[PDB]
Each structure stands twice: as structure tokens, then as C-alpha cells.
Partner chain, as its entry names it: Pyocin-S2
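This document opens with one chain alone, in C-alpha cells, the form solved without its partner chain.
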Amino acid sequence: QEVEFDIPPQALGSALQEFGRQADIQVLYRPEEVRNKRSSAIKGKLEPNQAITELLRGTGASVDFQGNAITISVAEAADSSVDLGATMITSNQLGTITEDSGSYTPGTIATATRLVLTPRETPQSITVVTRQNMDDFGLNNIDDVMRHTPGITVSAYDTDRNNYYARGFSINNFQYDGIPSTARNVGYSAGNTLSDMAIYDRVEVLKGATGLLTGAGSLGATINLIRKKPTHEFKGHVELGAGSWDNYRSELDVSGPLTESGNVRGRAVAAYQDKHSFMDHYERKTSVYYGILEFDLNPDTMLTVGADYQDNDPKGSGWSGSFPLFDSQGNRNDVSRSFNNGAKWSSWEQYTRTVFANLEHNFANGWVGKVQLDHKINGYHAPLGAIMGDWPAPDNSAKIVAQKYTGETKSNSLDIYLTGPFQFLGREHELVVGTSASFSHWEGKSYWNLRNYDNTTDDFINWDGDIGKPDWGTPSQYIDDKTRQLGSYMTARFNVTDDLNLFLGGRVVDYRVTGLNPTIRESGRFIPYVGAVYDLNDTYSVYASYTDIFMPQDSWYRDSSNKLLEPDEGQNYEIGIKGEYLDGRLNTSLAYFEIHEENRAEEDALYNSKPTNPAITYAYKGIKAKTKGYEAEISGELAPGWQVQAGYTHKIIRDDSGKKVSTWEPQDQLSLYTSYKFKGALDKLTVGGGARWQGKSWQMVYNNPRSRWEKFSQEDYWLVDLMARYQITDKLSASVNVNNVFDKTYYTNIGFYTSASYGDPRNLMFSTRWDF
């Protein structure tokens, strides 16, 4: 809608960057095309399409309007075949904002290389859950989003921690606005599994081996959460929702200029959710606050200061899964889905806060530089108490394990990078050169020396959580871990021919972990990045890539000789085809991929049967593993009012024994989520459905009372979602979400410490949203 503009005549490059900023729109243009040209003056309250054609007056440029993006082109009478993947400079470093796009497909993305690229231009599997997708299906936290992310499987550790797999691996890489956090373990990682979506525009998941921008990390993927940003027009909304099991959510979101000119701009969001659960005596209060201010120091230098805060505060937390698999005498336990082995007072509260500042500067070069400063906190307060072990006994009694972990992780990050174009052999290429530093410091107390506790409960079958709370005693342990990451990276994107784009880059990494454990060090480790994209038609491109990653091992993972295993490492080999339709409104991708892991930690059963080094009592073995698999996806417009996100993923991951592994992650999965906006009489009704299918999944668990391995199978099952919204009013709308329509009873965990967890039964959510 009508925006306040003030772009005086200047280098067309600068004007377009200035335009993107003022218009809250992503401008994409070609550097060689705008380099010898200037904008004409625009001033005053204008609609952005009126504004841009006015700005482009005299330049010979055309505008392609595409959602929250505009691409500028300068057509010639010549042209010998179009350079679809031509180097393009961009006004927003993080990509296209999805908020208001009305789409389930992203516009442009920087998750791969820092370079702002379309999914079609990216030689990696990149899925995105867009703002609209999130709104439509009421995906209100990262757990919700993951569950709806094609190619991801969400499994439960416990009531307050989920696992996200991709391609055989737990994902343990989280970024915020393209900045990695430290996720060495749940110490550093509190709250990552729980982020509320109220503050985010989209989550982008980069599958494979993502060392280039993550640095040290897990295989599988990176989850990159892009924060909402301030807008140049005032706008906001209040949201209210009510769902099954006393699930209440409220939300506020306010954005706009804070001065008459618009040179300081802010966005604030507050969200609160208090919910019970299908699980007995489990409740959780979550709170989020977020403020961000953008100050324009001048036309081409912006300072951003922001803070965020999320508290996740549950009662009846489990330690491991909802119930034990086997009773005292070896039979499978058969319990309702409402069973919760958590004690009433058991709580794994997790909290997170960020304070962050950026400085962004556009150089009249068409280059941009950006400094990102982060202070992050991941805190936990975890007095846990849960039935665990082989229970009940015949007399229907059980025993509780109780331990308390409190702690905080303080983190500091500096990221500086420079990105821009450059001529070489007559053609335009682009480059990112960057450097990064993070220091993160974990400090905690643990308590396991319970003083005078009677940890037995008299009634398992009617377990309520109604057990006493122990005297925790004095601290049993003081955590003091310190992780230091230093990185330097460079990626070039050479426009080799009119259809060929070659990506060559890498990261050099310095990783130090210091504290109570023997010091872990890796210096000057090189992480290569090699990719190619070949254009086939106006529509299809093929791409191939070789990417890598490592994670220095947990310090308990030592070997036969008490030497720390070499870092857990992997390369992803990928070849595939990407299609782009309707001017980027619909994307399809088909990929074959292979992850070769090496130095994957493993028990070492032959040593461990009778240790022979007094030095180590429980060594680990560092083996190779492989993931073979393929993936198909589609997202975007299928017809005018009709959006989808869908995916198909096949995987098998075997280790150096040849045995299948991550067998709780199904070998085959399908996701399809769709919504349809009607026209004419009922153009105010959005109707929507979704399905998730997954094939066989199983776990080998040991039945202690019978001294034997058992197989726990989860037969293939569907989950069906349904969704409807009515825009009753310009400013007010109502929604219903029904999840798991057929009330499929299934498991999200079998075998995590000999326990099991159910997935959500049929639940509803009703919401109204009020836009000012």
C-alpha cells in the first residue's frame, strides 16, 4: 500500500537498494545492467509500483512484480539466450520476506552461501516454511513447523524435547538470521526445540552437510530462523486462539515508523500461551517478547538493535518418554495415551534471550558489508522426576528417578561479511568473504544426591504424578564448559556461461572447547564447498554439489587408548533437477543425495566387555556411515487460489556394520499441505487440508527382565490435517484447525531409554486474528 518515499537521484544501484529499504520490498537487479545509470527523483506518499516506474524513468529498465520482490531488468534489442542465473545484487541480505506473500514457496534465500539466491539457483536441497504456511496450519512453534517440513521427522525425547531428523541424522544446527548458535549439547541448546513462531517470518531448512555457514555442526541440516523486521507503514494484529486441552494463546505484533520521516522504525511482538495436554498432569506456560529497532544513520547505513526473550515453563515434565516399555516382569506395558510418567512438580523449564545489533552498509560499489553482534542466553531450570525403569511391579508399584539440572549458557557472536559482484572473463560473478567468532560459556549446577527420598510410588496404573519432591541436597557437580568457534569463509559464484553457474568456496575453522573436560582443539580445518547449476530450459535446471561438515566429538567419546575420537564428519553428494514455474510462483525439485559420514561415535562392544586399559573404562569406536536417498518436492501455486507444499523423501542409512541405523526415522515419507482460496461469492473463505504419510519405523530395544532384544515396530500411518479460515471483515478473521482428523494413535518415540511416547490425538484450534 501507499508508502512515504524519498529517494533523490543517484547511482541506479544505490537507488534500488534504497528503494528496497523504503518500500519494504526486495529489489533484485543485475550489476552490469544498472552500473552506468542513475535514478530519477522520487518524493512523497506513493504506491510502490507508481514509485518504481517513476524512479526508473529514463533508465530503460523494466520491472517484474513478484510478490514481496521486484526484479529490475534492462532489456536490449539483442539477447542470444537469456542468462536465467545471472549474477543479481539484492536489497535484502536474508532474502525475500514471506510475510504477506500469500505463498508457500520462498522467494530468495541466503541460507546456502550468504549469497541471495532463488531456490532454483541454489545447488542444495532447501525447503522453507513460509509465514503463510505457518499462519494457515497454526504452526506456532518450531516443533509444529518441523512436523510440517517435508523431509523432516520429529521424534520425542520427552515432553520438552524433540528430535528432528533429516537424511539419517539428528539436526543440531540452529541459526537465527543466518547466525549459528552453539548446540554442542542440551546444555548449550536449551529452548532450541521450543521457539515460538510469533517472532519469525519463516524457517528455512538446508538439508545435507552445511558446514560452509554453520561451521562445526551435525549432519542432516541447518534450521535457519529469520526474525520479523520493522516496516515503513504502520501495521499490526492481535491474535487469540483456543485449542484442545485448555490450550490458550494470545499474541500481539506491532510495526511501523517511529518518527515522521521513518528513519527510525520498530517492531514489537508479545505472545503468551498456557496449555494443558492430552497427557495427564502436563501443563506448559510459554512467554515471548521481541523488540527490534532500525535506525538509518544515512541513506546507505542502517543500524539495527533488537532483543528477544522466550520462556518455556512446564509442569509434569518427563525425563525420557511418557512410559516405560516393559513392566517389572518383562511384558509390554499397555497404557492410555494420557499416561505421563512425569511427576506433578517435574519441570524442564528452558529459556532464551538475545540482545543483538547489526550495522549494514551499502558501498556505491554495489557491494554491501554487514556486522552482526549477538549476546545470547540459553538457560534451564530442570527439577525432573519421572517414573523410569522396568515398572510396574506385580504389586502395581513403581520407582521415580529424580535429578535437578539448573544452568545458563552465555554466548557472544561477531559476524562480519562483505558481498558484491565483480567482472572477470567478461562476465559478472559475485563473492562473499566473511569471518566469524563465537564464545559460549556454559555454567550449571546438577543435583543427584537426594537426601532421604522415598522414590517409590504405590500405584502405577493410576499414576497421577502425585509424588513427593526430593531434598535435592547440595550440588553434585558444577558445569563450566567454554566453546570458542572462529571461522573464515569465502564463496564465489562464477557465471561461467549463460546457462552455467559454478560455486567454489570454503570455510576455515578454528574450534576450541575448554573447561572440566580435557581440552578439545581443532585448528585450520578446511570445509570445502563445490556446486554447479546448469540451466536446461526456461524452466528446469540441473545441479550437483559437494558439501562438508564436522563436529568435534563430545569429550566422553574417547577410544581404546583414551584418545578422543576424530571429529564426526560428513560430505553430502548431491545431484538433482529444479523447476521454476509461473515466474517463481511455483518451485519443484527432485534430488538424489548421498551422505558419507566418518568418525561416527559408537560404543565399541568388544573393548567394553572387559576393559583392559585402566585409563578408559568405556571406550568408543569411530566408524564410517552412509546415507543413500532421494527427495522430491513441490511448493507454491498450483492454480490461482491454490497453494501447496509437498515432499517425498526416501532414505536408508547404514553404518560400517552394514546394519540399518536411525531406524526410527522412516525410510519413506510424504508430506502434502495445501490450501485453497475461493473466488466470487465466497472469496473470503480459505479452505485447507494436509496429510503426512510415513512407512515402517522400528527400534531394537533390550528387554532386561527377559534378557533379550525385541523389535518395536510402528506400522506405516497417515496423519490428516484440515483447516479453514473466513475473512469476515477487512480487519477480522476466524480459523479452525483440526489436526489428526482420524485420531490416529501412533508413537513419536519407542526405545529412547526403554520408554515410549504417543503423538498428539485429534486436537482442534480456533483462532481469531485482528489486523489494525
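Between two forms, the rigid core is defined as the largest C-alpha subset superposing within 1.5 Å. Positions refer to the first chain, counted from 1.
Just so you know, the form solved in complex with its partner chain exists too; it's not on screen, but the next bit is about it.
A.B. asks: Counting any non-hydrogen atom inside 4.5 Å, which residue from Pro614, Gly658, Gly680, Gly426 sits next to its partner chain in the bound PDB entry?
C.D. replies: None of the other options qualify; the answer is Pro614.
A.B. asks: Ok, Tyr702, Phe234, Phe526, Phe363: which has a heavy atom sitting within 4.5 Å of its partner chain in the bound PDB entry?
C.D. replies: For this set of options, the contacting one is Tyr702.
A.B. asks: May I ask you to state whether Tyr534 is within 4.5 Å of its partner chain in the bound PDB entry, using heavy atom distances?
C.D. replies: Outside the cut-off, so no.
A.B. asks: Using a 4.5 angstroms cut-off on non-hydrogen atoms, would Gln350 count as touching its partner chain in the bound PDB entry?
C.D. replies: No - in the bound PDB entry, heavy atoms of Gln350 and its partner chain never come within 4.5 Å of each other.
A.B. asks: Find out whether any non-hydrogen atom of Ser707 is located within 4.5 angstroms of its partner chain in the bound PDB entry, and reply yes or no.
C.D. replies: Judged by the heavy-atom cut-off of 4.5 Å, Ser707 is in contact with its partner chain in the bound PDB entry.
A.B. asks: Can you tell me whether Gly187 touches its partner chain? I mean in the bound PDB entry, with a 4.5 angstroms heavy atom cut-off.
C.D. replies: Result yes; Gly187 sits at the interface with its partner chain in the bound PDB entry.
A.B. asks: Looking at 397-405, 559-567, 234-242, 300-308, which one sits within 4.5 Å of its partner chain in the bound PDB entry if you count heavy atoms only?
C.D. replies: The contacting stretch is 397-405.
A.B. asks: Can you tell which of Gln553, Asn358, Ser189, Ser255 moves its Cα by 2 Å or more between this form and the one not shown, with the two forms laid on the rigid core?
C.D. replies: Among the listed residues, the outlier is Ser189.
A.B. asks: Is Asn608 among the residues whose Cα moves by 2 Å or more between this form and the one not shown after superposition of the rigid core?
C.D. replies: It does shift by 2 Å or more.
A.B. asks: Align on the rigid core first; then say whether the Cα of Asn412 has moved by at least 2 Å between this form and the one not shown.
C.D. replies: Stays below the 2 Å threshold, so no.
A.B. asks: Could you tell me whether the Cα atom of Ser81 shifts by at least 2 Å between this form and the one not shown after core superposition?
C.D. replies: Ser81: C-alpha displaced by 2 Å or more between this form and the one not shown.
A.B. asks: Can you tell whether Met279 sits closer to or farther from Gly187 in the bound PDB entry than it does here, judged by CA atoms, where the change is 3 Å or more?
C.D. replies: Closer, not farther.
A.B. asks: Which way does the C-alpha gap of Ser438 and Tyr188 go in the bound PDB entry, closer or farther, given it changes by 3 angstroms or more?
C.D. replies: Farther is correct, given that in the bound PDB entry the C-alpha spacing of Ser438 to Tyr188 is increased by at least 3 Å.
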